[PDB]
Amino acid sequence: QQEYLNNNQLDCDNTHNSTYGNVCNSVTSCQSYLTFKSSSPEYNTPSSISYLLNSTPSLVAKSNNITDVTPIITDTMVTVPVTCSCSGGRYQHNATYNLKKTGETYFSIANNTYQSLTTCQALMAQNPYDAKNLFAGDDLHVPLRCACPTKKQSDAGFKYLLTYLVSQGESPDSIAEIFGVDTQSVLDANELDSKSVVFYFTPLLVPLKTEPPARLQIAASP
């Protein structure tokens, strides 16, 4: 289990513990998965998505049953295999981001560019620049959100945790159905209960018994 971000990432003066990253509470490194919605024209191939998220094109291709050069229609969700490791008491997967235009902010980078796979709080904690003093060309250390299964999760047969980007209209039930897991395990993974509200544009951990479905668009259809 990890705390649910609960929209605390949308206010960069908020200092809730969850915003600094999942907590290192199990094995210190593991295989994990992110998700990402194809964004045209900058982040819609295995090469560009892997560049942003520091995966590899072959890993993205294999995970989604495409080739390493197959373009991906805008707004399609793809799985992104990554290594998740402990650093400074947190689980994260490291990437690097060079700002493209002055006017980008820790918030726009975390929320828009990285689609809530990181938070402005973790970016600020792990980079030297003041929020009001960022410019094109600055290179940021990006701590992407991932975790490794706890002992309790592992004993239940969960081999991986996947960071899932929630879209408008989904629920813990509909997301669990995509992956063939029970809704209660999704709730447990995020320290939520059956009445908890889950927001769109906020990530949610999904425990997996096996590799995720290769094409999520069809898994997500009713």
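Throughout, we count residues from 1 along the sequence that is shown.
Taking the PDB entry as given, 132 to 140 carries the higher mean Cα B factor of the two stretches 118 to 126 and 132 to 140. Taking the PDB entry as given, 167 to 175 carries the higher mean Cα B factor of the two stretches 62 to 70 and 167 to 175. Across the residues 54, 194, 190, 48, the deposited record lists the maximum Cα B factor for 194. Residue-level temperature factors show residue 88 in the highest third of its chain, judged at the C-alpha atom. The PDB entry assigns residue 210 a C-alpha temperature factor belonging to the highest third of its chain's modelled residues. Per-chain ranking of the deposited C-alpha B factor places residue 181 in the highest third. Compared with the other modelled residues of the chain, the Cα B-factor recorded for residue 38 ranks in the middle third. Ranked against the other modelled residues of its chain, the C-alpha B-factor of residue 204 as given in the entry falls in the middle third.
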